[PDB]
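Asker: Structure provided below as structure tokens; questions to follow.
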Amino acid sequence: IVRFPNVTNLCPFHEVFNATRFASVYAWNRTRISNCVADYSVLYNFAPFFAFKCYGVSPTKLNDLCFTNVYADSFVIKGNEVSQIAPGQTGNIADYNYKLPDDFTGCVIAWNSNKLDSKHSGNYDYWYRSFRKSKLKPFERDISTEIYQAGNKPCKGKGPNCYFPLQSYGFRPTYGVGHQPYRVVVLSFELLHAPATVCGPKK
Amino acid sequence: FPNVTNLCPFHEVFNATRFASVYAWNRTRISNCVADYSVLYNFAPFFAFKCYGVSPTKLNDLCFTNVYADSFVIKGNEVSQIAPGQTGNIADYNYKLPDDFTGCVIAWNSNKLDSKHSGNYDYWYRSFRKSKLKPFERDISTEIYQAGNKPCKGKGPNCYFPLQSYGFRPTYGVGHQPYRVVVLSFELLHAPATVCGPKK
Amino acid sequence: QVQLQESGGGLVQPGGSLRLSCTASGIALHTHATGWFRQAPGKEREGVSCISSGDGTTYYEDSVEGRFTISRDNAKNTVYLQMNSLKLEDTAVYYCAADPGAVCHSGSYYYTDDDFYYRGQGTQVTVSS
Amino acid sequence: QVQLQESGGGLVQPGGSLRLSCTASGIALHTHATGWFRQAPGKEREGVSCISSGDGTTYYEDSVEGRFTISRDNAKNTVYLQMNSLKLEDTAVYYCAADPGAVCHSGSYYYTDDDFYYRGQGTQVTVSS
């Protein structure tokens with residue numbers, strides 16, 4: 001016999017994956033999903049996805065097992081930087097903007113968003129951080145905007161060595177695929193190490 | 001336990017009383033010695049240090065086996081031809097680099113040294129030849145060149161002496177002043193990597 | 001506000017040479033994409049050269065191929081345009097512009113579309129007499 | 001080894017026409033830069049014209065401009081000095097000398113400094129009534 005508790009709603013997964021505009025990479029929006037049923041079928045009838053990689057769990061086994069404390073976070077990255085959203089990679093995004101731990105249990109979903117997150121003669125609303133004193137510890141957000149000094153002379157204001165750390169991907173519609181925008185939603189959750197709060201299809 | 005010796009003759013190449021012309025570029029071999037890439041920086045306010053395939057600051061902590069060095073001086077407006085993949089008078093007739101070239105190219109001004117009043121007529125370059133030049137070749141020979149249908153024997157019109165002397169005067173502009181060019185050609189081959197850099 | 005300042009120009013003679021420089025104040029020209037554009041009187045602006053973000057693939061226009069050389073020094077954060085063998089029709093005013101990303105020749109796009117974000121004041125270059 | 005041989009001269013009248021021509025045998029005049037110089041009797045020698053490299057950057061002086069038309073053909077390797085509307089003070093002997101490189105007025109140096117290689121022999125050109 002299987003006994004699962006009383007439930008009300010169907011989790012706000014549609015409300016995250018289909019929004020008007022996502023957040024920038026340096027200040028990625030993170031949401032919590034709890035006290036609902038998490039059906040991973042509404043994600044499949046969304047887009048012909050570019051990267052759907054799951055670590056620690058099979059994509060087809062996602063409905064009949066359950067878990068706790070799921071975290072969903074979203075951001076918009078450059079085309080050639082999608083492979084950096086993985087445990088154990090390096091680069092500009094993976095060291096200064098968004099780090100995943102080596103032992104990661106979750107999924108990464110990415111799809112093309114050129115028809116919406118791009119305007120003619122520049123779409124300067126999507127920023128990323130390029131200069132930081134040190135690497136980023138897994139799952140840490142740095143929204144600090146302060147002049148970065150890359151020279152011996154102490155920096156007082158923008159100067160030949162003083163550089164603002166945030167640069168803006170210039171999405172434009174005629175670019176090739178490797179520079180085109182991509183929306184990335186990363187789901188993170190813990191398996192069988194805590195009492196469960198969300199499980200999904202009841203019976 | 002070993003102390004560093006044999007600091008390589010980079011100073012005898014860079015600091016010389018005079019260099020050779022482009023058509024007769026002198027080439028020396030640096031081997032069986034440890035190469036300190038710090039005496040190159042305290043030389044001059046360098047004009048160009050541009051190269052591909054190896055980092056400037058990373059030259060200390062890798063190894064090669066046989067590095068070459070050659071030196072010659074070119075007109076100022078034609079330094080850009082000493083690079084892989086370009087054409088011109090020097091780049092097709094005098095000195096051509098391979099398309100896959102590893103090594104670094106250095107240039108600096110020598111107006112106060114390789115020039116004098118009323119002209120300096122002791123550096124030369126080749127102006128005419130039948131065909132192109134394969135990479136890393138020196139053409140010393142001085143023979144007449146036929147550009148028309150009529151064969152020219154001896155000396156006369158329509159057949160030209162292939163050697164032409166740059167006139168060097170200190171009142172010329174920057175593009176017509178002497179620029180001493182030194183090119184390194186770092187390699188690694190069947191012989192084991194011998195020349196390296198010092199450590200603590 | 002990030003500003004780009006040019007320097008150079010003068011009274012060069014035909015067959016001479018100049019080195020134009022463009023120095024930044026707030027951005028690293030090794031993470032942005034730089035370029036040059038020119039204005040002869042009575043005409044419309046046309047590109048000269050470009051460097052991409054990393055390492056740098058240099059692109060050149062048809063009018064100035066083989067003669068001009070574009071290069072960047074990352075210590076002084078200044079891009080250089082070494083112009084060789086200037087002809088009398090090359091008199092114009094030159095502007096340096098920058099844009100985030102490797103903007104020159106990505107896909108079916110090219111830098112002749114004059115839409116860079118950062119730009120400057122310009123320096124007059126004349127060649128005559 | 002290398003010789004420059006002039007031709008022309010005669011007994012011309014004011015307002016007449018002439019075409020002086022000095023022919024290069026050894027060197028080639030598309031890689032060398034030549035010009036014309038003259039010396040009136042009882043005076044010191046002063047230049048007349050120049051051509052630079054292969055492009056053509058004709059250069060005249062204030063006392064000699066307005067009546068001379070320097071020209072050159074790369075086929076016959078002979079430089080031409082066409083005479084139009086000459087005056088009575090132009091009687092002198094003419095010389096031509098050529099120097100390698102784009103030598104005339106390429107910096108702070110014009111061809112006034114007569115430091116010139118390949119010196120020619122000369123041809124006497126006189127005018128009277």
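Lettering and numbering for the structure tokens are positional, with chains as A, B, ... in the shown order, residues counted from 1 in each chain, and ligands counted from 1 in the shown order.
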Could you superimpose chain D onto chain C using all C-alpha atoms, paired one by one in order, and tell me the resulting RMSD in Å?
Answerer: 0.7 Å
Asker: Within 7 Å of chain B, which residues of chain D show up when using only C-alpha atoms, listed as a short mmCIF file (atom, residue, chain, number, x, y, z; two decimals) with C-alpha atoms, in the first residue's frame?
Answerer:
```cif
data_model
loop_
_atom_site.label_atom_id
_atom_site.label_comp_id
_atom_site.auth_asym_id
_atom_site.auth_seq_id
_atom_site.Cartn_x
_atom_site.Cartn_y
_atom_site.Cartn_z
CA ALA D 24 67.86 55.38 -67.12
CA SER D 25 69.91 52.40 -68.28
CA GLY D 26 70.96 50.57 -65.12
CA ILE D 27 68.36 51.33 -62.45
CA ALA D 28 64.61 51.16 -62.98
CA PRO D 100 66.26 55.01 -54.11
CA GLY D 101 63.10 55.18 -52.04
CA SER D 106 59.00 62.51 -47.05
CA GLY D 107 59.37 64.11 -43.64
CA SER D 108 61.50 67.12 -42.75
CA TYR D 109 63.70 66.43 -45.80
CA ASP D 115 72.81 64.91 -51.44
#
```
Asker: Could you list, with a cut-off of 10 Å and counting only C-alpha atoms, the residues of chain C near chain D, each shown with its nearest atom pair and the distance in Å rounded to one decimal, rows sorted by chain and ascending number, as a tab-separated table?
Answerer:
```
residue	atom	partner	partner_atom	distance
C:11	CA	D:107	CA	9.8
C:12	CA	D:107	CA	8.0
C:13	CA	D:106	CA	6.5
C:14	CA	D:57	CA	7.2
C:15	CA	D:102	CA	7.2
C:16	CA	D:106	CA	6.5
C:17	CA	D:106	CA	9.7
C:87	CA	D:55	CA	8.9
C:88	CA	D:57	CA	9.8
C:128	CA	D:57	CA	9.5
C:129	CA	D:59	CA	8.3
```
